[PDB]
Each structure stands twice: as C-alpha cells, then as structure tokens.
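Have a look below at one chain only, the form deposited without this ligand, in structure tokens format.
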C-alpha cells in the first residue's frame, strides 16, 4: 500500500539477511559507530506490483544495532519476521506498530538522526553497564528511506505496551511545573493519552508492592541521571494499565516478562486485577520544532530532579 512502508520491509529483510552471513564478535570497534550500509535499486520495466521502481535504503551502524538487539534479548530472525511477514499498521510525527505489536516504528527528523549518532556510543555503553535492564527506549535499528522525491528517517524501538494484553488507560508523565492536561478534544479520543493533571485530578494509583516499587525507582534514578548527563530533557514516563476484568468482559491475565519487559503485576490487595507497563519515551531534543514553538526556564539537571520527584510521589 504505502511505498515507503514497502521499502522499509524490503530493507529490514535485506539488512537482516546480510548480517546473518557476517561473523558477530563480542565487541564493537569505534568504526562500527561510524558505519552504514547503502542500497540503491533501479528497476526498469520490472517488478512494478510489489515495489516502487526507484528507491534507496540506508542502514545506520548495522553492527551496533545488531549488538543492541541481542543485548535486549531479541533474535534477528524474530525481528525480521515481526517486521516483514506482514505490513506494519499505522495509527493517526507518524508511528507504526509491527503487525504482531512487538515493535514500534517512529518517523524522525534528520536532526534526530544526527543526535542519535551523537549519543549512540554512550548509550551502548550504558546498556552494557546495566546489562540491558533499563527503562530507556530500546533502540533496535535506524534507517533512511527514499522513494522518488521523498526522504524519511525511521527508528525502531521495542513496544512499551504488551503484544497480547490490551491497554485501557494511558498516561504520559513529565512532572513539569507548567500545567499538563489532555485537551477536552483529546480527553475524548478513542484510547486517549492523559497527562500530569489527569493523573493528580483523577487520583490514579499504581498498586505495585514495595519491592517492585524500589527496583523500579532505582532503575529510573540511574536512567534519568544518564539522560541528564547527556543534556537531554523533555522525556516522559509512559504508563499503560491493563484491566484483566475488562479484557475478560470484552495465562488468564499473566504475561511473558521476556516479551513484555516493561510489565509489572499489581500486588495482592489491589482493588482490581491490573498489569502496568511503564517506561521512558521520547528522549531526543528535536530542536527544529521546539524552535518552531519559540519563533511563532528549566535545564536538563532541573528536569531530571523534577521528573524524579514527581514519579516518586505518584507510586
């Protein structure tokens, strides 16, 4: 349907096939962070039914992302199948979900790509340090697609939410001093995205036990400290709630913690059988559009503390 989506599937398929032939060492060399793979295809009077006839596909730092996927417990064959066996589905920058709901494909700016290159080494090192146990986005691949005229950049992350268990409530938390509330327009969306005030006002509670809570908050502390160190800000805590009862009305309500890695079960005395999905999202700056907000007070360290204070209170 969408030619850009076709090129992405084609490219991911190509990219993974290529890597299956490469010998994978335990380590990355400094050059792997500067590397890329470029393919330009020109078909003249051939294969019109599947593909655009002129296109480009570029993969950034293929070894680093190969290395990241394995560290995040993702097999390259599964990753390939998830993205190629059937088209990713949209939902209206744009984003798509792998047909099997395991991965998110987000469209990003060339600026975001530049910034991602800039932090990639430090990010990789962080992932090594924490043994891939983090609430940070799991970056799984980054690509450039060209189809006659149009150039787009995409990044692929692991879904914060479950691939089985549906989410009925969804929050996006920053802990900002300025008031954050979903629009009266937004508060009426299909599955809306609520914000800080929506959480305070409606007195939402997260029923997880003290251990889970301590572990989570420790992970969060380290992750956010790392983000502040990179001078990054404006990230959010995405919180999604699965209602086992409501999902039965429309494993009994249990999940695979190896696929749905951000899941946390509610404790025994929880008012309703709930599973939580929580993670940091949207870590890049995107100054192009933040300059667009400016044209027509808090620093990264401030934000870090403000954000950590708030999440500590709501749990």
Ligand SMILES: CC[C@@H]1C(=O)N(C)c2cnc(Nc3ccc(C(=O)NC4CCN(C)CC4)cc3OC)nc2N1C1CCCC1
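Positions refer to the first chain, counted from 1.
Quick note: we don't show the form deposited with this ligand bound, though the next part is all about it.
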I need to confirm a contact call. Of 193, 229, 177, 201, which residue comes within 4.5 Å of this ligand in the bound PDB entry, counting heavy atoms only?
193
Proximity to this ligand in the bound PDB entry, single hit among 118, 125, 211, 91 (heavy atom within 4.5 Å)
91
Could you tell me if residue 146 has a non-hydrogen atom within 4.5 Å of this ligand in the bound PDB entry?
no
Using a 4.5 Å heavy atom cut-off, state whether residue 95 contacts this ligand in the bound PDB entry.
yes
Determine whether any heavy atom of residue 157 comes within 4.5 Å of a heavy atom of this ligand in the bound PDB entry, and answer yes or no.
yes
Determine whether any heavy atom of residue 282 comes within 4.5 Å of a heavy atom of this ligand in the bound PDB entry, and answer yes or no.
yes
Report whether all of 11, 39 and 142 sit within 4.5 Å of this ligand in the bound PDB entry, measuring from non-hydrogen atoms.
no
Heavy atoms within 4.5 Å of this ligand in the bound PDB entry: which of the stretches 26-34, 64-72, 50-58, 274-282 has them?
274-282
Since the partner is left out here, which residues of 103-132 would have a heavy atom within 4.5 Å of this ligand in the bound PDB entry?
104, 106
